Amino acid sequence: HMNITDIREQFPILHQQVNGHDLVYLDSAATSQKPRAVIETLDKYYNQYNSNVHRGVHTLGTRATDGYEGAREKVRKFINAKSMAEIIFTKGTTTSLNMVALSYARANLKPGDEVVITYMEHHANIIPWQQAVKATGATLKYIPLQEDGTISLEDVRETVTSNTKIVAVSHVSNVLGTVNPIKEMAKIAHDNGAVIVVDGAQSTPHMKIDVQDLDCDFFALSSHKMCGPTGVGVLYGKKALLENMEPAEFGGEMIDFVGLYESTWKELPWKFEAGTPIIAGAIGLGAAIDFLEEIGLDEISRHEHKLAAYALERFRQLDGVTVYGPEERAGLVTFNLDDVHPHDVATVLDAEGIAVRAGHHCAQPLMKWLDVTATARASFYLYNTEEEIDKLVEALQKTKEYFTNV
């Protein structure tokens, strides 16, 4: 089984004090921390074999290219894609989803067509569709949520129609912790003639992804949430869809022939990788994948289920605290204290060393659905512990006591 002391020992940033207290980092849904294996991968790249890729074929250039494409194959295996042609390196989840909205949705929507999303989506999985339907005259529709913040398949079936061309939905909600029924929703989308776009930013770090079992048409993820470098992500798309989509960006490395007025594109995946690519970051993301696979995603999921179940229980021990979302969940808890604004909660918690996020978490329509303007969110990863949750609930208790006194 996974030893949380031995795992934490690999993350230098955890071992420091904030405002005189041991750091308690509970904001991994915003971004995760890195183990030495990843940081030292970046170091070794810049110390030893940095060079541009797919260009000069001298010795360092070959090493960098092999490292970059080797990381692409690591990603392919990690999400169980059929082919490296289906694995596109991007700047992050947000850019991946925007590439689908630009190159697939804007080429495949007509008036009368529908894009169907849900009220729990992150802005990254809302605004690109708002913009694509405006540009095409198509219609945007929202699957309603059950009272506990889950999605019923009956509601999916009612909302998706024979006019739906795209269903876009999160694998895991960054606010509710809901794990959505992506595989069953893919069947519903296909049955109606639609493709499904899966926002996997919060699922990929925490649980095994098998795109062949999910049968998603597109799947987007971010390195910085899964122990990898900032600035890099992946767009997966079924090869037959990517073959028919035009590039979202144009430039070097993604062309075959350039004339004065017309150009032709490389084969996949490079068709979608204009310019010098995110070489070091992609290689470090491959290192993050090796790190997570050595621990075991199923072990990481089990650890997070234990932390989530413990946190929910201990939150129920606090009077005057509201928790949003379902009992079965990913590793995060979004909440409010009665009569204390979440920004103030976050301030007091940081004074105790505890990092959480307050605000709308880039999900304003969901806050409106919840009938709140803001919330506070503690989120967990493989380096967090029950003792840290104890510190969180103790600090919420003392926050309530403090704000009741004055």
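For every residue, the number given is its place in the sequence shown, counted from 1. Basically, rigid core = biggest C-alpha set you can superpose within 1.5 Å across the two forms.
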- [ ] Consider 355-363 and 40-48 separately and indicate which one has Cα atoms farther, on average, from the shown form in 9 other deposited structures of this protein after rigid core alignment.
- [x] 40-48
TODO: Would you mind comparing 190-198 and 284-292 for me and telling me which has the higher average C-alpha temperature factor in the entry?
DONE: 190-198
Task: Higher-scoring stretch by recorded Cα B factor average, 393-401 or 7-15 - done: 393-401
Open item on the list: So if I compare the CA B-factors in the entry for 128, 205, 111, 331, which one is the largest?
Closed with: 111
- [ ] Kindly indicate the residue among 301, 95, 152, 173 with the greatest C-alpha B-factor in the PDB record.
- [x] 152
Open item on the list: Split into thirds by Cα B-factor across the chain's modelled residues, where does residue 265 land: lowest, middle or highest?
Closed with: middle
Open item on the list: By the recorded C-alpha temperature factor, relative to the other modelled residues in its chain, which third is residue 145 in?
Closed with: highest
- [ ] Taking the chain's C-alpha temperature factors as the reference, tell me which third residue 373 falls into: lowest, middle or highest.
- [x] highest
TODO: Rank-wise, by C-alpha B-factor, drop residue 70 into the lowest, middle or highest third of its chain.
DONE: lowest
TODO: Just say lowest, middle or highest third for the CA B-factor of residue 35 relative to the other modelled residues in its chain.
DONE: lowest
